[PDB]
Amino acid sequence: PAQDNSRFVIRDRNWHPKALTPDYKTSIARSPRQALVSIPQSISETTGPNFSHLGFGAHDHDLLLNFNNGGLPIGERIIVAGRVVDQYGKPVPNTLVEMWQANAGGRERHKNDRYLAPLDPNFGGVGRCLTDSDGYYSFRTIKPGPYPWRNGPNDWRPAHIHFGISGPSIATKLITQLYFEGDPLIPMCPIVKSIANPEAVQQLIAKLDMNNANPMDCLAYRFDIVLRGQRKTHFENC
Amino acid sequence: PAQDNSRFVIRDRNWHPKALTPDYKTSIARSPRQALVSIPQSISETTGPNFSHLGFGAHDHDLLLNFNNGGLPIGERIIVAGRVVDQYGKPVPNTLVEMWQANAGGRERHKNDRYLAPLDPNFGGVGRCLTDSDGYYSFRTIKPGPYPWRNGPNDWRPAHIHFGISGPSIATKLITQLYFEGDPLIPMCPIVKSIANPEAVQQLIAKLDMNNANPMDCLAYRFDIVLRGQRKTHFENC
Amino acid sequence: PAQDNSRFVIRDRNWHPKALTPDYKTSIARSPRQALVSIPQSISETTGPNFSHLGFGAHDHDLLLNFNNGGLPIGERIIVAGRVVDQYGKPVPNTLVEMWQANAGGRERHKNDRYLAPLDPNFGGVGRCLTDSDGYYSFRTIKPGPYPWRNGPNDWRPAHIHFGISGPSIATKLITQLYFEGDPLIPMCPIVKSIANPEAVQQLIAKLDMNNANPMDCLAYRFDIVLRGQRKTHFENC
Amino acid sequence: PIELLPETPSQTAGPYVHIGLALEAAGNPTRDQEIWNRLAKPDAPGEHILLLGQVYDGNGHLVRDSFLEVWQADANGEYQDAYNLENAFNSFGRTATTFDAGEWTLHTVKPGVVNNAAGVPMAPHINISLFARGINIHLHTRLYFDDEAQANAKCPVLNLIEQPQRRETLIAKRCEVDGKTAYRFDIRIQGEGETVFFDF
Amino acid sequence: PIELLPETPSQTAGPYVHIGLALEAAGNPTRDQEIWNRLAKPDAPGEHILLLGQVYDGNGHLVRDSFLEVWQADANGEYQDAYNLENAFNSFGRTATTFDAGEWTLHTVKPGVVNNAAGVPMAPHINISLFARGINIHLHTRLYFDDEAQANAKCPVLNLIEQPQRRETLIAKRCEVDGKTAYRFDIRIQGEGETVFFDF
Amino acid sequence: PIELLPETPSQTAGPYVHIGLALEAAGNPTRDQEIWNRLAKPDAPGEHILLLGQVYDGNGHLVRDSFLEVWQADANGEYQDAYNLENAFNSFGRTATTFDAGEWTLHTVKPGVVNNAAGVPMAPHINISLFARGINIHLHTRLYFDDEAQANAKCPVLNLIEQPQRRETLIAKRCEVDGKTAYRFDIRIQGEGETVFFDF
Amino acid sequence: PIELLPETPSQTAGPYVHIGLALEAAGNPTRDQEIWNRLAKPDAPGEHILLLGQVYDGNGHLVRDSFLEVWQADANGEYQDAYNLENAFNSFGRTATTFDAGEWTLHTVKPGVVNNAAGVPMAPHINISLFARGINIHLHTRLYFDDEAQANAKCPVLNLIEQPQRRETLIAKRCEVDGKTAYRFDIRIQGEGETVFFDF
Ligand SMILES: [Fe+3]
Ligand SMILES: [Fe+3]
Ligand SMILES: [Fe+3]
Ligand SMILES: [Fe+3]
């Protein structure tokens, strides 16, 4: 079974976006009005699932082939790669990274998406993978397109890919959004502006990575993720 | 018939790209080694075709509908619009503006394009439009994608749309490439770098124009073109 | 046998010196006029020799003793050491480092050098060494002196040592020149000026290293070399 | 002071979280192995129960696009981390409320007792993470049981909540659904009866 | 000094200029009205001629992807700017060399004499603009006719070319292609026999 | 974008390259083990062949201070990387042209076929890297054989060179030197008949 | 991105807004022509109705100093934009709640149906802008009618509101004041039963 042998650095709730950010309108009714109750870390918060033996399909990390309907998706072919480390710089191996995104037109494959950009018959939009020994993951996919949503009368989300990272404990699990280097929609989006510090915003911007590109084939972007620092317990209970 | 009642401002050959720009490999065997011979403007160079009576199809400026074999193209729907003025700031009315581009995946609809990103069965990639009385033109199309090319071993063109603009005379006629705001491939392309002054590059950059977007539908880019200034002849032959 | 499992980051041909750099005169007739043709990497370009089993003599890396006709060379006794890594910072172990240089007065031991500074009967001017498991190499030698040459009418090569490094493949192999910190001839040498960016020049300047010096015996310089980065293939041919 | 690398900031899971994380629930085809809501196969030790609940925003309206992650000890109070679709019991699971089903459900076993780090027993609990559109950073809460009043009164985590009435929002109501013991746990994100959420 | 707005810089037409500018020649569907290589219909007044030529790069190899625009007076020496597919004669056309067709062709009428801005007659010529991959800003040239030798000798434009041998590079050679009077004009972008190009 | 550490820049090998890399050629005493021009020993399998050539500059003059490194597969198509003077075949070697010897020679065996990354076979080739005074960064080229015309016509590398006449500069001419089978490979750095050089 | 000139920012209308915009109601002398609360003259076409309502703040107290502007189609579904005291019907008018009078009143006709931009018919509605002290930028809302249950179920604007309970705040209740058909529409600025407000 799991053993309580770690503590995780406390989160900075001023770096992460606050709960109530009124310009992202849906956060008004879904944010708590009472203060969070702080509790000490026990074995319930410092352990979590390990997905080493989950059986992955061969193309679970490859979105150009995982939804194959006899063709190749239309859109910019890219590899999205990166490394998952904790705040001390230590790689996080065999952790589960899950991602989902729109197609190249901004249309998502879900019953409730009625935007007019068409579905792509060869593109599903979901992928998953386990970080290797060194903390690296990689996915292949098509660059998603921006899309409008009913927030303000003319809001458009920037192209983004959603990520879900498990880490070693439930204290580390995190959902976020990856955005693309240079995209001018970024500073105008009320979701991205739910983050107050412009330096935290930068951490979500994936950079063009010509070094990992496959010449004559696909470009590559680099997104490194940092999970809460993990440390051994010391002097506890005496 | 056409009359010699105009003169056009002399082109600044250090603002436009030179003929020999060795990083752009193909320019090497296709650039004159002798100097260009200057010749004074006559009626032969200061006049040119007027396309007012060319019969445009109804969909000629609309690339979401002018190819159409079943549906809509996959890609970010966008209006590319602007104004065509000469160097005195005077609108250029009734001029012809032709454009052509790749699909959302960087595949061009020509026999010789062998890149692996697929053709889009609903997308052709050509449009033409005549500017109005105020010098405005507009197209609706999908944002093209970058594509690789055999120049250096890992060269990728930035997403671009080619433009051809007639103007009032064969002296003002110009072919160029519109680029998109923020694309981080722009500073690495050897074709963009055929232009030496970084301020001349900036003029090829289309800006995101949220004001012209159709909400819940399509975004807009703004590209304005500036042709050689035109003036009436003065004090000629005395 | 060697197997194709690596890719090397494409060379930045604007960081390295160009082929035609007219102040360096001999390059005028020895530079190609047609463009280089780009080819994808295969097993022919990504593999190369390995020199672990070559039979090094015991003083191969020690120029104070490897030529020796009855004494010691006259000149500033120095150690030149450093590390060979790739563009990722990964060390390059068991690689071949060759070097050759002039003597203290700038005369080189070759029939065709007719420079009036004498030959030193205890000095040869050649060394080789294989890097260690961490990528370190090291040689001991005397500091070369500058010499004049037939380029411009009063050109003088700054003191330098020629280096050749094999690395893991023919794609990585490189011949270069080490210069010494502070030498006022460095910015006036046309060969060093073949490198257009001042930041690339700094990479060839060995720095004085008092920490590695043997007190009462020899100074030391540090010269680190960086070869093309190497990565595993990913998503190729699908 | 010593600064370390800053954590990647959180963002909302957004409306379509179901697509990457609840495939069946997004009406999309599934892959062979999915992380879902059945933590205990029928032959697993302990008492089998059904958990169900709904989510409310601060106007009293249902949240039909939520996604919840759970984490619990087995019947012996042991956290089983090696996740595997062939174990009789897995400590982790996921569930969701969709437009079709406004109520999530979970099948598992009543968790046994674990101690806090100071060695004091915590009452049986389930650890919950809630994620949805409008929630910029996920909300942590714990579900306790109304039939464990003795152990709930001594829980060193429940006694950190100052006001007694607030402790009540974490206690799921035992009921019966098809002759199966079930507990209902509703979450109120905001307002009257707002569920207690933690930070750790 | 007085600085005006700068002209939008030029870029190369690129390898696929045929998709936007010579549809048929790109082997793609055409629109109802296309600007093409037939400036004169059969009943246009004047001497009907066929023009043809090839384009060579600096190594001597054919340029198979060029696009060309011509501008010429009618037979009376008058420029007709009102472009229309119904006119028997248009002053403007376009033609291209392609992989299949290394040669371009133009169907037109031999132009009449036009004067320069000082009132001195120029010999009959066609104004050409050449575009293609590798050509960062198009190249301007003029096609003159070898059966107009006496007029060619006095043209004030051709007399601005300092060296007589370069003037020859502008003279198209009279020939017959299937009973029709034709003039061949090869452009040499670089090297031996380099075609004179202009700036204005 | 992501910037890695920059590669150390290349500098010319210089007129005295022979002193550190071609000892005998510099006319200096050799060490016990030298990397030289005899890739194959008399008993190595495959077809034994002598290669030779001359190197020209852009004025048509001989380069007598050039240094060449080669890399080739053995007769069965395999790259032998462990270099060792006792092996029967080493895939690597070096040679040089000097004032004395205007011509370089290399004693090896005709390479077997290898595949590109895409599984397509290449024609038999020898990889060459050329260094000298006046060359700032070394030139890469490929030596192919004129008697392998069927494989050359299908090599996916030779077909990346656009113009056919440029492909011929890479095809060494079978001849006989002292009655022995030989292929002459002259390199032209600049000018008429300039040899194709690659970047990879 | 393209930035346009920015819009002159809004500021509250202040407590004494009646002095510039409701002179009667401010108890000050009127000018010959005033824009007021009688949209329909006795003989205008359509169904003559009286509209009345109160405005409440977040504590539940009457806002007695508000000002309201309205814009409605006439009885045939046409926007009468050419304001004139002599028209039988003006599509625009203004009213206000004061201390004497806690309730605003408006005399008009029940508007006909107009289509939205996509060609779909919207239900009969009156557009309202509300202003007052404490209101920094005016509030937009729409008055719909309870006897038009069917057209309201299909209104593409009323369907843009997610929560069915929130749509009801836009529906005016039919009643009678002195034999005359009347609708009552109360506006709740903040709080429980908070009126939906638009942005466009
Ligand atoms: Fe999203
Ligand atoms: Fe292009
Ligand atoms: Fe030297
Ligand atoms: Fe006031």
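Here is how names work: the chains are called A, B, and so on, in the same order as the sequence lines, proteins then strands, and each is numbered from 1. The analysis underlying the following values was restricted to heavy atoms, covering all of them including side chains, and did not include hydrogens, waters or symmetry mates.
With G:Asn159 contributing its side chain and G:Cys155 its backbone, the two residues share a donor-acceptor pair below 3.5 Å. Judged by distance alone, with hydrogens and angles left aside, the side-chain atoms of G:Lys154 form no donor-acceptor pair with the main-chain N or O of G:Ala123 at under 3.5 Å. A donor-acceptor pair is defined here as one N or O able to donate and one able to accept, closer than 3.5 Å; no such pair exists between the side chain of A:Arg33 and the backbone of D:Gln190. Remark: the backbone N or O of A:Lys25 is paired with a side-chain donor or acceptor of A:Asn151 at under 3.5 angstrom. A side-chain donor-acceptor contact under 3.5 Å links G:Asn87 to the backbone of G:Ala82. The main-chain N or O of G:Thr105 is found under 3.5 Å from a side-chain atom of G:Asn37 such that the two form a donor-acceptor pair. Side chain of G:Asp74 to main chain of G:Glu78: a donor-acceptor pair is present (N/O by atom type, distance under 3.5 Å, no hydrogens or angles). Distance alone, capped at 3.5 Å, places no donor-acceptor pair between the D:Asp57 side chain and the A:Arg30 backbone. Under the 3.5 Å distance criterion, the side-chain polar atoms of G:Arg167 are left unmatched by any main-chain donor or acceptor of G:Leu160. Judged by distance alone, the side chain of G:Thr195 and the main-chain N or O of G:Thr169 form no donor-acceptor pair under 3.5 Å.
Here the side chains of B:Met210 and G:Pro1 are not in contact, with every heavy-atom distance at 4.5 Å or above. Counting heavy atoms from C-beta on, the side chains of G:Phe92 and G:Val70 never come closer than 4.5 Å. Residues G:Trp104 and G:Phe185 meet the side-chain proximity criterion, which asks for heavy atoms closer than 4.5 Å. Between D:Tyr56 and D:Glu192, every side-chain heavy-atom pair lies at or beyond the 4.5 Å cut-off. Looking only at side-chain heavy atoms (C-beta outward), G:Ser10 and G:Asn136 stay at 4.5 Å or farther from each other. Between A:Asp113 and A:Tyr147, every side-chain heavy-atom pair lies at or beyond the 4.5 Å cut-off. Inter-residue side-chain proximity for B:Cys218 and B:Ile78 is flagged as unmet; no heavy-atom pair is nearer than 4.5 Å. Side-chain contact between B:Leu219 and A:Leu185 is present, with heavy atoms from C-beta onward closer than 4.5 Å.
For A:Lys111 and D:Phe99, the positive end is not near the middle of the six-membered ring at less than 6.0 Å and at most 45° from its axis.
Between the CZ atom in D:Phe197 and the CG atom in D:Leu170 there is a gap of 9.0 Å [rounded to 0.5 Å]. Note that CG of G:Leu85 and CG of G:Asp32 are 9.5 Å apart. Values are rounded to the nearest 0.5 Å. Interatomic distance, D:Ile128 CD1 to D:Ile187 CD1, rounded to the nearest 0.5 Å: 5.0 Å. Note that the CD atom of G:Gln80 and the CG atom of G:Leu39 stand 11.0 Å from one another [nearest 0.5 Å]. Remark: A:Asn112 CG to A:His110 NE2 distance equals 5.0 Å, nearest 0.5 Å. Rounded to the nearest 0.5 angstrom, A:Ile28 CD1 and A:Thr21 OG1 are separated by 8.5 Å.
Residues B:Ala220 and B:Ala213 come closest through the heavy atom pair CB-N, 3.7 Å. Heavy atoms only, all atoms of each residue included: G:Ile161 and G:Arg166 are closest at CG2-CB, 3.7 Å. Taking every heavy atom of both residues into account, A:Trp156 and B:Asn214 meet most closely at CZ2-O, 3.7 Å. The shortest non-hydrogen separation linking A:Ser31 to A:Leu20 is OG-CD1, 3.6 Å.
Partners of B:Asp217 under the salt bridge (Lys or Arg N to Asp or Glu O under 4.0 Å) rule, at least two apart in sequence or in another chain, are B:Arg77. Legend: residues meeting side chain to side chain contact (heavy atoms under 4.5 Å, CB included) with A:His162, ordered by chain and number and at least two apart, are A:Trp100, A:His160, A:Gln177. Residues satisfying the ring pair (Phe, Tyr, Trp, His ring centres under 6.0 Å) test with G:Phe200, not counting sequence neighbours, are G:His140. Qualifying side chain to side chain contact (heavy atoms under 4.5 Å, CB included) partners for G:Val114, counting only residues two or more places apart in sequence or in other chains: G:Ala73, G:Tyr79, G:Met122, G:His125. Residues satisfying the ring pair (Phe, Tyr, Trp, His ring centres under 6.0 Å) criterion with A:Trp149, sequence neighbours excluded, are A:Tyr24. Among residues two or more places apart in sequence or in another chain, the side chain to side chain contact (heavy atoms under 4.5 Å, CB included) test is passed with G:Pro45 by none. For D:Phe131, the ring pair (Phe, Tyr, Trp, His ring centres under 6.0 Å) partners two or more places apart in sequence, or in a different chain, are D:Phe67, D:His138. The side chain to side chain donor-acceptor pair (under 3.5 Å) search around A:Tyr115 returns none, not counting sequence neighbours. With sequence neighbours excluded, no residue satisfies salt bridge (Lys or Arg N to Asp or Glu O under 4.0 Å) with A:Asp155. Partners of B:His59 according to the side chain to side chain contact (heavy atoms under 4.5 Å, CB included) rule, which considers only residues two or more places apart in sequence or in another chain, are B:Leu65, B:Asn66.
The number of heavy-atom neighbours closer than 6.0 Å to CD of G:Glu162, taken from other residues, nucleotides and ligands shown, is 12 or below. No more than 12 heavy atoms of other residues, nucleotides or ligands shown are found within 6.0 angstrom of OH on G:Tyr16.
Sorted by first and then second residue, the pairs that involve residues 59-70 of chain G and meet side chain to side chain donor-acceptor pair (under 3.5 Å), not counting sequence neighbours, are G:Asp65-G:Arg133, G:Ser66-G:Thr97, G:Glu69-G:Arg94.
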query = Checking side-chain contact (heavy atoms from CB on, under 4.5 Å) for the pair G:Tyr144/G:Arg142: CA distance, chi angles, key distance, verdict?
reply = CA-CA 6 Å; G:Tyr144 277 90; G:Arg142 297 183 155 194; 3.1 Å; yes
side-chain contact (heavy atoms from CB on, under 4.5 Å) between G:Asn90 and G:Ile35, intermediate numbers included: CA-CA 10 Å; G:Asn90 286 287; G:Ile35 296 152; over 6 Å; no
task: Tell me, with the steps shown, if G:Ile49 and G:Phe145 meet side-chain contact (heavy atoms from CB on, under 4.5 Å).
output: CA-CA 11 Å; G:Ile49 61 192; G:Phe145 298 94; 4.2 Å; yes
- [ ] Give the intermediate values and the outcome of side-chain contact (heavy atoms from CB on, under 4.5 Å) for residues G:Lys180 and G:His48.
- [x] CA-CA 8 Å; G:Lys180 176 76 145 200; G:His48 295 233; 3.9 Å; yes
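Between G:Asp186 and G:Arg184 there is a salt bridge, with a side-chain nitrogen of the basic residue lying less than 4.0 Å from a carboxylate oxygen of the acidic one. Residues G:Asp146 and G:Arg174 are not paired through a salt bridge, judged by the lack of any N-O separation under 4.0 Å between the basic side chain and the carboxylate.
Among D:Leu139, D:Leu106, D:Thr95, D:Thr141, the single residue meeting the side-chain contact (heavy atoms from CB on, under 4.5 Å) criterion with D:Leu68 is D:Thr95.
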With a 3.5 Å cut-off and sequence neighbours excluded, list the donor-acceptor pairs that the side chains of residues 20-31 of chain G form with protein atoms.
| from | atom 1 | to | atom 2 | distance (Å) |
| --- | --- | --- | --- | --- |
| G:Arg31 | NE | G:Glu34 | OE2 | 2.7 |
| G:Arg31 | NH2 | G:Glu34 | OE1 | 2.7 |
| G:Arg31 | NH2 | G:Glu34 | OE2 | 3.1 |

